[PDB]
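Enquirer: Be aware that the first sequence starts at 287, since it is given in the deposited numbering, and climbs by one per residue. Think of the CB as a built atom: it goes at the ideal place given N, C-alpha and C, for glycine as much as any other residue. Below is a structure I'd like to ask you about.
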Amino acid sequence: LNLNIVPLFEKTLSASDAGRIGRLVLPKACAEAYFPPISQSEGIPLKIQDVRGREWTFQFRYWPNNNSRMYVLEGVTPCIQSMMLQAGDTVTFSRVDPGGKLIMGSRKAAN
DNA sequence: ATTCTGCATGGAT
DNA sequence: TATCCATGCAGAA
């Protein structure tokens, strides 16, 4: 029974990502790199656990963009606001190996 | 007015 | 020139 937390990537929140809309933008590069692959514009549900138990479930989804894709987690506001985040705070996504569990955390604006 | 969608745009680099 | 994500924006309800 030997486990490790492996950083995947971080996102520093925009107005949009922090705002009322509820969708958080993932750099395409990063999404394809560390989240499941998905081939439909409307993706798959994705359960990410926070440090203190709470499973959040977002639809992980893309759209066509230019000739590529734009990625988002949808329905984040509950998660965000539980964690008290504003634009300029940072959300870190990580993976627990061996296994494929997705976990997350966040930290507050530099100031 | 408002919110949800599903993109499309274009400023930043 | 190029990429590409923050934000715009036009339905639909």
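Return the first residue and the last residue of the beta strand (DSSP E) that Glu-328 is part of.
Expert: That residue, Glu-328, is in no beta strand (DSSP E); it is neither H nor E in DSSP.
Enquirer: With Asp-303 as the anchor, note down where its alpha helix (DSSP H) starts and where it stops.
Expert: It spans 301-304 - the alpha helix (DSSP H) in which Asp-303 sits, taken as one unbroken run.
Enquirer: Quick one, are the C-beta atoms of residue 413 and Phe-379 less than 8 Å apart?
Expert: Summary: the structure shown does not reach residue 413, with the chain confined to residues 287 through 397, and so no result is reported for it.
Enquirer: Determine, using beta-carbon pairs with one atom in the segment 344-357 and one in the segment 314-334, whether at least three such pairs fall under 8 Å.
Expert: Verdict: yes, contact present.
Enquirer: Since I believe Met-390 is in contact with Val-382 (beta carbons under 8 Å), could you give me their beta-carbon distance rounded to a whole number of angstroms?
Expert: About 11 Å; that fails the 8 Å criterion.
Enquirer: If you reduce the DSSP assignment to three classes, tell me which class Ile-307 lands in.
Expert: Coil, per DSSP.
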